[PDB]
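A.B. asks: Can you read through this structure? Questions will come right after.
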Amino acid sequence: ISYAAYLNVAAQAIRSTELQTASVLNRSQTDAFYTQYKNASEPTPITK
Amino acid sequence: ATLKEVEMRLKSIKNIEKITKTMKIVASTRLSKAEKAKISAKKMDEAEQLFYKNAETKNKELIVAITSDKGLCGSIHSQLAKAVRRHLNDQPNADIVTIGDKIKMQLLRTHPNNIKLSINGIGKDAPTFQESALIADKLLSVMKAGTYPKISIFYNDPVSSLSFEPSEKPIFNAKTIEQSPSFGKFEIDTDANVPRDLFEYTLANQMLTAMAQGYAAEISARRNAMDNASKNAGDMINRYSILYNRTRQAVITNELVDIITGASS
Amino acid sequence: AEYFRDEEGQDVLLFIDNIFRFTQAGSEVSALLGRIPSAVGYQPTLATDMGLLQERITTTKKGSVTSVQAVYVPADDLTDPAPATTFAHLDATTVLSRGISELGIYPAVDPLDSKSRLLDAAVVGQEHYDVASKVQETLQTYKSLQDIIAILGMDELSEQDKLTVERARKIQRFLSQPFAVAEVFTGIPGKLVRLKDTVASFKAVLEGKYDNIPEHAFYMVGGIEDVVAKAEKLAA
């Protein structure tokens with residue numbers, strides 16, 4: 001866990017009063033997954 | 001025949017122009033979101049940069065590269081790659097993390113080994129804090145980012161919103177904080193592990209900046225590609241149109257030749 | 001014209017309007033006599049008719065008739081037997097167009113479809129030829145140079161590149177020359193400019209003696225003498 005991960009998670013948890021604009025809400029989520037790779041072949045993606 | 005083979009191929013070029021046209025209009029919309037996002041990112045970054053000068057900028061390596069998952073962006077995919085590969089001469093066994101499907105392809109070929117981590121979801125979801133933060137976290141455990149003395153980022157700088165220049169910068173290592181005066185010029189007692197938090201925070205803030213600047217240089221090159229495609233298709237429309245037309249004139253002439261011979265009969 | 005030349009030794013200039021309407025009239029004149037018009041629907045007696053016409057215009061030791069003619073094509077078709085056959089006889093070609101005319105340019109002669117087979121290095125001198133070739137070259141590069149600058153950025157011109165721009169665009173203006181008859185088209189009464197002042201102007205613009213003077217101060221005047229007036233007013 002990066003510092004910026006930790007604090008990100010803080011930002012996110014708070015989006016669990018919804019008094020804010022739409023870009024703000026977007027920034028705290030993403031659909032992105034990361035394809036893991038071996039040192040060629042690819043181990044299965046785990047959600048980012 | 002001749003006639004019809006001109007005529008169908010011409011349709012292909014015409015459909016292609018329409019597709020490249022539509023796509024370029026759409027590029028212009030994306031470039032604006034890409035720029036707004038870049039400003040805010042770059043400004044956040046600037047505040048750590050004030051610091052890094054005064055600290056003294058100082059000093060296996062890691063390579064990061066920045067692309068969208070979508071293609072048609074001209075030669076961004078491979079020019080950026082070409083600069084990744086040039087610095088692949090300074091160490092063969094360097095671990096390359098490819099951010100976007102398109103840059104992944106060119107680096108995979110030169111060494112399959114160096115692809116260790118790669119990122120899906122750049123094209124659906126624009127550069128934003130969530131991506132960069134999760135990607136900064138995984139770097140530290142998977143890639144041995146922290147225990148590396150070298151980390152460098154490659155991207156495409158959006159010098160202006162109609163241009164792209166490929167550029168590199170360093171992502172200021174925890175080794176850099178340690179051995180630059182900034183436990184001696186910048187104060188903390190022992191109240192926090194300032195290297196292990198500051199590094200991790202500027203891993204992401206710099207990276208976000210590289211992501212937003214790249215998305216903007218790229219989309220800007222893509223508008224250019226899509227424009228240039230539309231022009232190559234236009235040249236081709238005109239040039240095949242003439243080639244068809246002369247054939248019709250030959251056919252009219254042959255019909256008139258039949259009328260001349262038939263008139264003799 | 002020829003009477004003048006043969007027995008009074010005079011130099012004369014013979015116009016024709018469309019030589020297209022001479023081909024088209026010629027189609028008809030063949031057909032009535034019984035001939036089959038084949039030349040893609042045009043007279044078969046084509047070659048001889050052009051030959052008589054364009055070989056009665058020559059230099060005798062008395063005088064010379066010379067002809068300026070207007071050649072127009074059937075809807076811009078160059079494929080056809082008629083445009084090629086015409087182009088064959090012509091010693092030089094001067095190409096005038098309406099696209100050029102809308103930019104407030106008289107002579108509207110396009111300097112990249114202005115070409116001669118008498119612009120050789122023996123016919124007009126060594127100097128004249130070199131002066132024409134550098135004046136030709138500047139424009140030719142210029143058009144190309146604008147293409148990739150536009151794609152790369154806005155104005156990304158170098159010191160080297162914009163030396164070429166200055167020179168090119170000053171030269172485009174310098175072509176102008178109002179005509180009394182074309183008073184209305186320039187919006188400016190006529191001027192009369194000569195062969196010597198064509199020459200003087202281009203040597204000077206080449207050497208950047210006329211890269212001291214902006215683009216608008218060549219606009220609506222021709223030769224060297226004329227443009228002395230304009231340089232003076234531009235400064236004072």
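Residue names in the structure tokens use chain letters A, B, ... in the order shown, residue numbers from 1 in each chain, and ligand numbers from 1 in the order shown.
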Please identify every residue of chain A that has at least one atom no more than 8 Å from any atom of chain B, counting only C-alpha atoms, and report them as a CSV table (one decimal) with N, CA and C atoms, in the first residue's frame.

C.D. replies:
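Listed below is the output, part-v1.csv:
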```csv
chain,number,residue,atom,x,y,z
A,1,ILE,N,0.8,-1.3,0.0
A,1,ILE,CA,0.0,0.0,0.0
A,1,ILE,C,0.8,1.3,0.0
A,2,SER,N,0.7,2.1,-1.1
A,2,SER,CA,1.3,3.3,-1.3
A,2,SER,C,0.6,4.4,-0.3
A,3,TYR,N,1.3,5.5,0.0
A,3,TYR,CA,0.7,6.5,0.8
A,3,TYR,C,-0.6,7.1,0.1
A,4,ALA,N,-0.5,7.2,-1.3
A,4,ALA,CA,-1.4,7.8,-2.2
A,4,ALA,C,-2.5,6.8,-2.4
A,5,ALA,N,-2.3,5.4,-2.1
A,5,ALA,CA,-3.3,4.4,-2.1
A,5,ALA,C,-4.1,4.5,-0.9
A,8,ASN,N,-6.2,7.6,-1.0
A,8,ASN,CA,-7.2,7.4,-2.1
A,8,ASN,C,-8.4,6.7,-1.5
A,27,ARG,N,-13.4,10.2,-10.2
A,27,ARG,CA,-12.0,10.1,-9.9
A,27,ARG,C,-11.7,9.1,-8.8
A,28,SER,N,-12.7,8.7,-8.0
A,28,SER,CA,-12.5,7.8,-6.9
A,28,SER,C,-12.8,6.4,-7.2
A,29,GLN,N,-13.0,6.1,-8.6
A,29,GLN,CA,-13.4,4.8,-9.0
A,29,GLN,C,-12.8,4.7,-10.3
A,30,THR,N,-12.8,3.5,-10.9
A,30,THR,CA,-12.3,3.2,-12.2
A,30,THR,C,-12.8,1.7,-12.4
A,31,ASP,N,-12.8,1.2,-13.6
A,31,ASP,CA,-13.3,-0.1,-14.1
A,31,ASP,C,-12.1,-1.0,-14.4
A,32,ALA,N,-10.8,-0.4,-14.4
A,32,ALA,CA,-9.5,-0.9,-14.9
A,32,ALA,C,-9.2,-2.1,-14.1
A,33,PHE,N,-8.5,-3.1,-14.7
A,33,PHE,CA,-8.1,-4.4,-14.2
A,33,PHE,C,-6.6,-4.4,-14.6
A,34,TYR,N,-5.7,-5.2,-14.0
A,34,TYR,CA,-4.3,-5.2,-14.5
A,34,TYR,C,-3.9,-6.6,-14.9
A,35,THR,N,-3.4,-6.8,-16.1
A,35,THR,CA,-3.1,-8.2,-16.6
A,35,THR,C,-1.7,-8.4,-16.0
A,36,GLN,N,-1.6,-9.4,-15.2
A,36,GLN,CA,-0.3,-9.8,-14.6
A,36,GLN,C,0.5,-10.6,-15.7
A,37,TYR,N,1.8,-10.5,-15.6
A,37,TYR,CA,2.7,-11.2,-16.6
A,37,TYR,C,3.9,-11.8,-15.9
A,38,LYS,N,4.4,-12.9,-16.4
A,38,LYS,CA,5.5,-13.7,-15.8
A,38,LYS,C,6.7,-13.2,-16.5
A,39,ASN,N,7.9,-13.5,-15.9
A,39,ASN,CA,9.2,-13.2,-16.5
A,39,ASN,C,9.6,-14.6,-17.2
A,40,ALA,N,5.9,-13.0,-21.2
A,40,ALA,CA,5.7,-14.1,-22.1
A,40,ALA,C,4.3,-14.6,-21.8
A,48,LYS,N,-8.1,-4.3,-10.3
A,48,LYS,CA,-7.3,-3.2,-9.7
A,48,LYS,C,-8.3,-2.5,-8.9
```

A.B. asks: I need the residues in segment 133-201 of chain B that are alpha helix (DSSP H) according to DSSP; give them as an MDAnalysis selection string.

C.D. replies: chainID B and resid 133:138 174:179 194:201

A.B. asks: Return as JSON, numbers by chain the residues belonging to chain B that are within 10 Å of chain C, counting only C-alpha atoms.

C.D. replies: {"B": [159, 160, 161, 162, 163, 164, 221, 223, 224, 225, 227, 228, 242, 245, 246, 249, 250, 252, 253, 254, 256, 257, 260, 261, 263, 264]}

A.B. asks: May I have the selected residues written with N, CA and C atoms, as a compact mmCIF listing (two decimals), in the first residue's frame?

C.D. replies:
```txt
# COMPACT_ATOMS: atom_id res chain seq x y z
N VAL B 159 3.41 19.89 -25.79
CA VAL B 159 4.07 21.17 -25.70
C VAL B 159 2.98 22.18 -26.07
N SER B 160 2.18 21.88 -27.07
CA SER B 160 1.04 22.62 -27.44
C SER B 160 -0.02 21.61 -27.92
N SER B 161 -1.29 22.02 -28.01
CA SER B 161 -2.39 21.13 -28.15
C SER B 161 -2.52 20.74 -29.64
N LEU B 162 -1.51 21.04 -30.50
CA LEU B 162 -1.50 20.46 -31.81
C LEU B 162 -0.25 19.74 -32.00
N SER B 163 0.63 19.57 -31.00
CA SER B 163 2.00 18.95 -31.12
C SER B 163 2.27 17.94 -30.02
N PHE B 164 3.37 17.10 -30.20
CA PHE B 164 3.79 16.07 -29.32
C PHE B 164 5.30 16.07 -29.49
N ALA B 221 -1.90 13.79 -31.32
CA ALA B 221 -1.32 13.09 -32.48
C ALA B 221 -2.34 12.30 -33.27
N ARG B 223 -5.67 13.08 -33.61
CA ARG B 223 -6.39 14.07 -34.37
C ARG B 223 -5.58 14.31 -35.61
N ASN B 224 -4.24 14.40 -35.52
CA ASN B 224 -3.37 14.65 -36.61
C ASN B 224 -3.36 13.51 -37.59
N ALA B 225 -3.35 12.24 -37.14
CA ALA B 225 -3.28 11.03 -37.92
C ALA B 225 -4.48 10.93 -38.71
N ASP B 227 -6.66 13.22 -39.44
CA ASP B 227 -6.69 14.31 -40.38
C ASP B 227 -5.88 13.91 -41.62
N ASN B 228 -4.69 13.38 -41.38
CA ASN B 228 -3.76 13.01 -42.49
C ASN B 228 -4.25 11.86 -43.35
N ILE B 242 -10.53 10.38 -62.09
CA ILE B 242 -9.98 10.65 -63.43
C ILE B 242 -9.82 9.35 -64.21
N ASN B 245 -12.95 8.10 -65.39
CA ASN B 245 -13.63 8.91 -66.27
C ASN B 245 -13.10 8.67 -67.63
N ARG B 246 -11.77 8.55 -67.73
CA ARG B 246 -11.12 8.29 -69.04
C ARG B 246 -11.67 6.98 -69.61
N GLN B 249 -14.96 7.63 -71.25
CA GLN B 249 -14.71 8.29 -72.51
C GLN B 249 -14.27 7.31 -73.60
N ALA B 250 -13.43 6.34 -73.25
CA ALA B 250 -13.09 5.24 -74.13
C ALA B 250 -14.33 4.42 -74.52
N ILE B 252 -17.58 5.43 -74.52
CA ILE B 252 -18.35 6.30 -75.40
C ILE B 252 -17.73 6.36 -76.80
N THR B 253 -16.40 6.49 -76.89
CA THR B 253 -15.68 6.46 -78.15
C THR B 253 -15.84 5.13 -78.89
N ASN B 254 -15.78 4.00 -78.20
CA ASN B 254 -16.01 2.69 -78.80
C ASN B 254 -17.44 2.54 -79.30
N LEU B 256 -19.32 5.12 -80.27
CA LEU B 256 -19.29 5.97 -81.45
C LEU B 256 -18.55 5.34 -82.63
N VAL B 257 -17.52 4.53 -82.38
CA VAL B 257 -16.84 3.76 -83.40
C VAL B 257 -17.79 2.73 -84.02
N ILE B 260 -20.06 4.72 -86.18
CA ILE B 260 -19.40 5.10 -87.42
C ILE B 260 -19.36 3.93 -88.40
N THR B 261 -18.95 2.75 -87.94
CA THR B 261 -18.95 1.55 -88.75
C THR B 261 -20.37 1.17 -89.21
N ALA B 263 -22.91 3.24 -89.44
CA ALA B 263 -23.27 4.27 -90.40
C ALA B 263 -22.71 3.99 -91.80
N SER B 264 -21.50 3.43 -91.89
CA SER B 264 -20.95 2.96 -93.15
C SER B 264 -21.75 1.80 -93.76
```

A.B. asks: Measure the distance from atom CA of residue 68 of chain C to atom CA of residue 99 of chain C in Å and round it to one decimal.

C.D. replies: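 Spanning atom CA of residue 68 of chain C to atom CA of residue 99 of chain C is a straight-line distance of 21.4 Å.
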
A.B. asks: Extract, using only C-alpha atoms, all DNA, RNA and protein residues at most 8 Å from residue 247 of chain B, discarding same-chain residues fewer than 3 positions from it, and format them as JSON, numbers by chain.

C.D. replies: {"B": [2, 3, 243, 244, 250, 251]}

A.B. asks: Which residues, written as a tab-separated table (two decimals) with C-alpha atoms, in the first residue's frame, have at least one atom at most 12 Å from residue 141 of chain C, with only C-alpha atoms counted and residues fewer than 6 positions away on the same chain left out?

C.D. replies:
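Result file result-v3.tsv:
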```
chain	number	residue	atom	x	y	z
C	112	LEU	CA	3.72	27.40	-61.86
C	134	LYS	CA	15.64	31.05	-58.34
C	135	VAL	CA	12.20	33.00	-58.67
C	147	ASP	CA	2.32	21.71	-45.38
C	161	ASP	CA	12.35	28.70	-43.00
C	162	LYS	CA	10.88	32.19	-42.60
C	163	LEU	CA	13.65	33.70	-44.79
C	164	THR	CA	11.90	31.52	-47.48
C	165	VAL	CA	8.53	32.68	-46.40
C	167	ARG	CA	10.88	36.02	-49.97
C	168	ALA	CA	8.11	33.94	-51.38
C	169	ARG	CA	5.20	36.10	-50.26
```

A.B. asks: Which residues are near residue 217 of chain C? Cut-off 10 Å, only C-alpha atoms, ignore same chain within fewer than 3 positions. Put them as a VMD selection string.

C.D. replies: chain C and resid 170 173 to 174 213 to 214 220 to 221 227 to 235

A.B. asks: Do a neighbour search on segment 22-37 of chain B at 7 Å with only C-alpha atoms, toss out local chain neighbours closer than 5 positions, and write the hits as an NGL selection string.

C.D. replies: :B and (212 or 215-216 or 219-220 or 223 or 226-227)

A.B. asks: Could you check how far atom CA of residue 231 of chain B sits from atom CA of residue 20 of chain B, in Å to one decimal?

C.D. replies: 9.8 Å
